[PDB]
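**Q** Give me the fold of what follows.
(chains A, B, C, D, E, F, G, H, I and J)
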Amino acid sequence: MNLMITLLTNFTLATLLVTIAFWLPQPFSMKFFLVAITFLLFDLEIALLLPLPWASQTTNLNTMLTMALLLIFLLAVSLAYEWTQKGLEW
Amino acid sequence: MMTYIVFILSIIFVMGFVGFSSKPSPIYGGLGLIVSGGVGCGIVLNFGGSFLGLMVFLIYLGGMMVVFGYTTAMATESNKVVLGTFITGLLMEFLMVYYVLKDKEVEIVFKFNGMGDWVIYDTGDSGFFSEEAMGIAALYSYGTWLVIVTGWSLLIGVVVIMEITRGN
Amino acid sequence: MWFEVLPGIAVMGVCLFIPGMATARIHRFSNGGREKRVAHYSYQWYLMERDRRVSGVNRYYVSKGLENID
Amino acid sequence: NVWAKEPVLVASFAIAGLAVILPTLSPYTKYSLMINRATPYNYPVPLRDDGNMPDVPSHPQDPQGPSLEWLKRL
Amino acid sequence: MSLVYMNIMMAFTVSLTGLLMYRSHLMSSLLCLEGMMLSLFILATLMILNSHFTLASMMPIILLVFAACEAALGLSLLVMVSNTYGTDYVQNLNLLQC
Amino acid sequence: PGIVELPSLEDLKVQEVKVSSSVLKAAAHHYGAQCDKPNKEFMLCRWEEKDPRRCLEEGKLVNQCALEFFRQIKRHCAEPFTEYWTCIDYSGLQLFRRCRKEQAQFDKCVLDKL
Amino acid sequence: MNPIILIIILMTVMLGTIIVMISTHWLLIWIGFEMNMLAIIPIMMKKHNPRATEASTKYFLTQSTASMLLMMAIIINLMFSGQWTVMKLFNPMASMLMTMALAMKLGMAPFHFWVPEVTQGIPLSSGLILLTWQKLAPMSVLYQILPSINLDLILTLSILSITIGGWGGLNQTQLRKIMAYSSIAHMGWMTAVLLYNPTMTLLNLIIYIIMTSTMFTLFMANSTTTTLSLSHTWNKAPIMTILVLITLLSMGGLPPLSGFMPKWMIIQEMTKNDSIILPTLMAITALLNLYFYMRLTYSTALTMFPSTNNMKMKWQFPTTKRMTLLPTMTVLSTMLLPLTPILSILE
Amino acid sequence: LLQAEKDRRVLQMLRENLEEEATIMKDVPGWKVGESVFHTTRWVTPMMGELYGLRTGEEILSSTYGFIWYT
Amino acid sequence: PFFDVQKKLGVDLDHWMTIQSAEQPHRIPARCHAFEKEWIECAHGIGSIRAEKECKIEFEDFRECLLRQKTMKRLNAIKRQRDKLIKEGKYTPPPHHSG
Amino acid sequence: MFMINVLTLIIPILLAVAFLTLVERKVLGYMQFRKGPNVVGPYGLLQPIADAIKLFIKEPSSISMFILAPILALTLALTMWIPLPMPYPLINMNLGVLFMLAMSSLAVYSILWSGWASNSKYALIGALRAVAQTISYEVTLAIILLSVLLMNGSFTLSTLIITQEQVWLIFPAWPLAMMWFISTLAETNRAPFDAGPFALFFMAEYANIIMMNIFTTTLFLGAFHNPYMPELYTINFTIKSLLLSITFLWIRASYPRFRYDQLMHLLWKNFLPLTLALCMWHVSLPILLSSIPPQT
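**A** Numbering: from 1, shown residues only, chains lettered A, B, ... in the order given. Below you will find the coordinate block:
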């Protein structure tokens, strides 16, 4: 309720400022699309990666090391595949 | 200003899903789905709630509706049916709220105890390591097979996307 | 030179200084002089909760130390 | 040659190659494992005493059992 | 059961009806599939948190990354349709008749 | 189904350590060594039988042990132990590295006198 | 495409089916179905006509809503009795939505409209892989969840699938819609036995897959879409005629021929129950679907149509594909009547 | 030490609330008076509605949901 | 069908995700641990149908652990009778903080 | 009193933004060659107050979309100084860096909505490309943030401000920090990396800028935290944030805008292998130096 109250105050002051700001007068490109899906897939691999530092204290350090390097290596390999296959040209 | 804030936020959640299930213009739909995902994240962050909804808040509300609005803006661009279905969905919401409140139980095909419920809930037990965060801090010791097939399906999704969008 | 730009920079440096200093002022003012607790985990929440229970005044900062012994 | 055309690519492969190869050989991974093992999250249980076993020290100052000591001893 | 579970399932089935019956565009249909993804996510997450079933906490995040790449495949297909025609209507699919 | 049985109210009046939490963390270790020879009996009862309403008498025994321990530390050295726990008291989430010199003072107290 | 890329994608379709066959955890089943979908889309649209774009669009929408409905069934299962063991469910509602998820998955008569549409608008290789593997893998799921099925589900979906896949097929002159209607007919035969003795269903699965592989290799003898093209296959080659004859009547299932082993043993260990009206109705509709097989036979291998010059020009050249595995599957799909005691090879 | 105090407090609230379940339904028909729902007499941990009932707002909000939107 | 490569290769690489009563990552249980352990040890070496004949009691006990629906039913009946008696006029409430 | 905490948090940031406008105009003049503004008002402070007043006076879609773009931009600008530990942060979020990423994504939403409601195809394709180059750097920002807190254990960021007492964290990852700072330049939408109410839109932009400056100063360096006297820490922290903001001006006033395809080509094929290699080195290496940080 602390941060709910703060969030609500931000919303109310922003609406107050908007109402003061308002009341006082009164074909495409295919290359656009690949950027979005490239972001979407690398952002999903981000979503897998980023809870790593919570995990970084285990007793099976070798397994965590190997699968962590597997994840980043696959991310770089997908980058390498679109790199060799001219995936972001312009 | 009272106890049943989970039920209240769940009412706003059902409001949002109805508000884009009435098939609007798709950017009105994207607005409604952003509001729906925000209050669902609020709900899960109210059931404690430390991590996982906020984790997906980046992804589902940080990496999905952006791409939907993107591909809506570069594809294409009031009516009685949309507004009528919205009002009737709101009416079914109103009727289900009424049968929760002024009765004992509600059955669709279940039995739901009709009262706002903090129950069930933890009895203040000593975690000290924030249980769901260490649950997500699995997949990296025990999770051998799962991240292997997950990253593999990610790589196959990459090559599939580029091939369908004209490899090469 | 910079002889007429340090007024604006100084005033804006005060205007960035003020919320942290006011927040620390209010954190000390609203605890009887203590520091506000920070329970990241449920264990520190339970410890803080029994602390505010045994103060009697529903206010944990009092902390009733070594006086309800015997 | 190999360096002038794509320099940051070579530097990235170099630091990636050492970040793969170097976790094999190190004099410190056993220390990482022992430090990571010996930090008790949960509660180490008391047990019904023994079948007259020459282990499980009774007093928490009795030096029979397993001990972490090299934190002070580097 | 509870009170929250009935409302989340009601939201799910309304999202399912919005997925099934759909009038003019396909983007709104795939977007309702995304909403159904959200509903399954929230449902499984609140189940696992209320159980304190800490072990298989993989379910919600891996469910969502996978149904996310499902939506990525869908957006690729929809943009392919809108390339090879003018719009993304349910019309222009009237050929290849049964 | 079968109905439960509990001990009544006249079994659950045992005088409790009505001290705060900051001091209770501040005197942790020497409580862990001086007393707490019989609390592991309570812990063994609690793990081998996960039924409170069976093990509570060992809870009474550890209650009176801890009360005797705080009696012993109150009526003797140290009085600047009170300054020690109120020094660790205002330091947010509690660290043992911040208010350290008074911890060494309290330790010199307890090693000399007791 | 690259051949590297296709060997990777076929490896992933195989990987999805092996994960579905192999696991004891419901999330792995769902990921298997999804990965199978994800990889099976670019086997379609090997060309780039709008036919394949629309067909893959329809297949994607139906398949993805089936997968999300399956995940709904799993989540209901764990709202109830909570464990990830692939076994008996604990809700008739969960079993209901799960059977309807599979009925949208592999094609049953309420849910079957996408199958002829998607099989016409693609080349034959994509149709081959989709029919064979996409109808192989969810039968494993049914074999794992057989003890907790309301039989009215499988009964209704099975009977209705047999009769719809029968009655569709009298009008279609396109080869691929004929083959998809035959597919729904065998899905009815492969599903109605399931709550009685599933060894029958898995043997029927192996039979149907071998038959349909023979059929698509014979329609890859040259790229044919109507029946008229098969009359020209008569004029250019004599032995493709007699193999279309034998394999079409084995799809029909006559007792001297190996397509009768699915009907025969299933009627046997169906009526060692006392369902009799249901088997005899199923066998009457099995008589019905043989008609379009028979009119294809009458069109090409038995009568002879008028034909066209430049087939004179085609006489010189070899039909020099490699047939992938034609002869083994032919005489293993047709002459395998006297080995019905290889039923019990299975378990 | 805290575990012993927590045992005594939860047994105290259970005794209070079963005494008041015996009072609050003093004349209703049917109704055995102390029905555990289960079939095995073990120690259930209750579900924070029997630990905290009839409190009207203050302790239930500031003792269940207080931590989550606190800090 | 279903194969047993999970069994023959021996490494139970998926039987850790499956149920409770395993290596939860730091050794804590769930809420309904002992119910699951009792029901599993009820129906372990049993042929899944006389399990349904003779493990019904503990399985209902487990479902009442997980859902606690009957306990909520009793609790709601208590609260609605509390409401009707406090509306009708017996003990303007002392049952909290003043016994 | 908590409402007074709220008002002292979210009101003086607007005065901070206005005086940032005067500071950036003055210092960019003294870079270029310009006194000014020094005429209206003593040394130019009444001049920005009058700037905001005059822009409020003037008399200038789908009023739904037309209002919901700047309302979201400015409520992001308000909400996004919640967990920044000016020593006592306003809400002690147990995880806040993921909240930083999520609200950057919400800013992407705001720009896309205003571009859709602009309703003219040249502004539409311009806003589309700006969305793509805003979203193209939240990858790198996320992964560098991951590697810099992996050296420090937990998402809490108060543990981070503990751990930067010994060394400034700019030393044990300098190229990683440099690449994060270039990505902050990209996310702020300024040079080199590139209709109303412009007051609100402008305001949200500059508040996001000062947020990234303060988050840079907290994430990478700082001062020693005095027990029971945080005023000295606040002073040295604020002066470091201001020197980095002047450095941000100093980078502004000297470089041309990139070509857009050069920007994307540079991001992918120049940051993205180098960030990945540095991040896998910060994965594999603290397990090799006997040093994994204590998540508490």
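
**Q** Could you count how many residues lie near residue F:81?
**A** Using other CB atoms under 10 Å in any protein chain shown, residue F:81 has 22 other residues around it. (Each C-beta comes from the backbone N, C-alpha and C, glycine too.)

**Q** Correct me if wrong: it contacts residue F:73.
**A** Yes - at 7.1 Å, residue F:81 counts as touching residue F:73 under the criterion of CB atoms under 8 Å.

**Q** joint contacts of these two?
**A** Here residue F:81 and residue F:73 share the contacting residues residue F:27, scored by CB atoms under 8 Å, 6 or more residues apart in numbering or on different chains.

**Q** show me where the chain has helices.
**A** Reading this off chain A. With DSSP state H, the ranges of helices along chain A come out as A:2-23, A:30-49, A:52-55, A:61-84.

**Q** Actually, chain I is the one I wanted.
**A** I:5-8, I:33-42, I:50-54, I:56-66, I:69-88.

**Q** is the last one anywhere near chain H?
**A** Yes - under the criterion of CB under 8 Å from any CB of the partner chain, helix I:69-88 makes contact with chain H via I:70, I:71, I:72, I:74, I:75, I:78, I:79, I:81, I:82, I:85.

**Q** Next one: stretch B:157-168, is it in contact with chain J?
**A** No - against chain J, stretch B:157-168 shows no contacts by CB under 8 Å from any CB, the least distance being 13.6 Å.

**Q** How far off centre is that stretch?
**A** 29 Å (CA atoms, centre = their mean, to the nearest Å).

**Q** Chain H: helices as residue ranges?
**A** Going by DSSP H, chain H shows helices at H:2-24, H:58-64.

**Q** again with chain B
**A** Under DSSP H, chain B gives helices at B:5-21, B:26-44, B:52-59, B:65-73, B:80-101, B:131-136, B:144-164.

**Q** closest to chain C out of those?
**A** Of all the helices of chain B, helix B:131-136 sits nearest to chain C, with 8.8 Å by CB to the nearest CB.

**Q** quick one, what contacts residue I:40?
**A** Applying CB under 8 Å, 6+ apart to residue I:40 gives the contacts I:19, I:21.

**Q** That one and residue G:153: what is the separation?
**A** As judged by CB to CB, to the nearest Å, residue I:40 and residue G:153 stand 29 Å apart.

**Q** could you redo the helices of chain A as TSV and give each row mean neighbour count and distance to residue B:160?
**A** Shown next, in TSV, are the helices of chain A (neighbours: other CB atoms under 10 Å in any protein chain shown; distance: least, CB to CB, whole Å):
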stretch	mean neighbour count	distance to residue B:160
helix A:2-23	16	40
helix A:30-49	20	10
helix A:52-55	22	27
helix A:61-84	18	12
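
**Q** Can you tell me which of the ones you listed is nearest to residue D:33?
**A** helix A:61-84 (5.9 Å; CB to CB).

**Q** and the angle from that closest one to helix B:144-164?
**A** Angle, helix A:61-84 to helix B:144-164, by axes from the mean of the first three to the mean of the last three CA atoms, to 10 degrees: 0 degrees.

**Q** near chain E, anything from helix A:61-84?
**A** No - Helix A:61-84 stays clear of chain E (CB under 8 Å from any CB), getting no nearer than 12.1 Å.

**Q** Could you dump the helices of chain H into CSV and include distance to chain I and mean neighbour count?
**A** Output for the helices of chain H, formatted as CSV (distance: least, CB to the nearest CB, whole Å; neighbours: other CB atoms under 10 Å in any protein chain shown):
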stretch, distance to chain I, mean neighbour count
helix H:2-24, 5, 17
helix H:58-64, 8, 16
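
**Q** Between those helices, which one is closest to residue J:18.
**A** helix H:58-64 (40.7 Å).

**Q** quick one, which of the helices of chain H is nearest to chain F?
**A** Among those, helix H:2-24 comes nearest to chain F, with 3.7 Å by CB to the nearest CB.

**Q** who touches that closest one?
**A** For helix H:2-24, contacts defined as CB under 8 Å, 6+ apart pick out B:123-124, C:46-47, C:50, F:4, F:6-9, F:12, F:14, F:16-17, F:42, F:46, F:52-53, F:55-56, F:59, F:62-63, H:33-34, H:46, H:50-54, I:78, I:81-82, I:85, I:95, I:99.

**Q** Now do it: distance to the chain's middle.
**A** Chain-centre distance of helix H:2-24: 7 Å, with CA atoms, centre = their mean.

**Q** tell me the angle of it relative to helix I:69-88?
**A** Going by the same axes, to 10 degrees, helix H:2-24 makes 60 degrees with helix I:69-88.

**Q** returning to that earlier point: closest one to residue G:219 among the helices of chain H?
**A** helix H:58-64 (67.3 Å).

**Q** can you give me the strands for chain D?
**A** Assigned by DSSP state E, chain D shows no strands.

**Q** for chain B, what are the nearby residues on it?
**A** Counting by CB under 8 Å from any CB, the residues of chain D close to chain B are residue D:41.

**Q** let's see it at 10 Å
**A** Within chain D, the positions lying close to chain B (CB under 10 Å from any CB of the partner chain) are D:41, D:42, D:43.

**Q** center of the chain - which residue?
**A** Reading this off chain A. residue A:43 (4.9 Å; CA atoms, centre = their mean).

**Q** right idea, wrong chain: chain C
**A** Short answer for chain C (CA atoms, centre = their mean): residue C:27, at 2.7 Å.

**Q** Pretty sure it sits in a strand.
**A** No - Residue C:27 is assigned helix when assessed by DSSP: H, G, I helix; E, B strand; the rest coil, not a strand.

**Q** I'd say it and residue J:92 touch.
**A** No - between residue C:27 and residue J:92 there is no contact, the gap being 11.1 Å when judged by CB atoms under 10 Å.

**Q** Can you work out which residues contact both of these two?
**A** C:36, F:92 (CB atoms under 10 Å, 6 or more residues apart in numbering or on different chains).

**Q** how far away is residue J:237 from residue H:42?
**A** Residue J:237 is 56 Å from residue H:42, by CB to CB.
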